[PDB]
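Only one chain comes next, encoded as structure tokens, the form deposited in one PDB entry.
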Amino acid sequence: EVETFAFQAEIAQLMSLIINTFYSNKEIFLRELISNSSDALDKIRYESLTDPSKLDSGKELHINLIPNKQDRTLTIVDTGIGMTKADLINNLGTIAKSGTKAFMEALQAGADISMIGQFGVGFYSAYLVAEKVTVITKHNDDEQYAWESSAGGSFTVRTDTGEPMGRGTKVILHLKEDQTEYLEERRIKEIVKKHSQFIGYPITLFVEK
């Protein structure tokens, strides 16, 4: 049972700009997603300071990067607070309408796409490198859900019957054919070292057979 939703017009416009603007510095997508994971981990850590049972769904707070060259996917897994179904539908827990407004004014005034995270809509930089993004998420207060979009104005949400997660979010980037450098170990290592050196959670880059 799959529900299909239209993006708000402003978010569709943000996505189209990310997909269609010529902009070579695409590697910042990974910095933005790791930053989102770190923010999510901070939230469950803060809740656990007064309620340790918030971590009954998993005590480890970490970020895993999982490339898969056979599936042509890069997956960013974190064990942060996760998202409810309502959060997924409401632009993955962002204030993306007002963030898009500010971002596009900043671009017109001289900013570049790499500054997207300053406007709270860094998730959508995934579409720099991905033709399709799948987000699997589990929040303590809701069931496990899968969000998916290939842009084009719509996204789907469904209950996820697959691999249970415990708690957190998994962002699965189905990479564009010409963006497979981001499955290479040395390239991912370089980006993490350049842009994510002060992320306060272990980031484990998985290797492939």
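Only residues modelled in both forms are compared. Numbers follow the displayed sequence, beginning with 1. For clarity, a rigid core is taken as the largest C-alpha set superposing within 1.5 Å between two forms.
One more form of this protein, solved in complex with a small molecule, exists but is not displayed; see below.
Contact annotation: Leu175 falls outside 4.5 Å of the small molecule in the entry with it bound, judged by heavy atom distances. Residue contact with the small molecule in the entry with it bound: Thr4 places no heavy atom within 4.5 Å of it. At the 4.5 Å threshold, heavy atoms of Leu88 reach the small molecule in the entry with it bound. The small molecule is not shown here, but in the entry with it bound it comes within 4.5 Å of a heavy atom of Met83.
Core superposition between this form and the one not shown reveals a single run of 3 or more residues with every CA shifted by 2 angstroms or more: 90 to 94.
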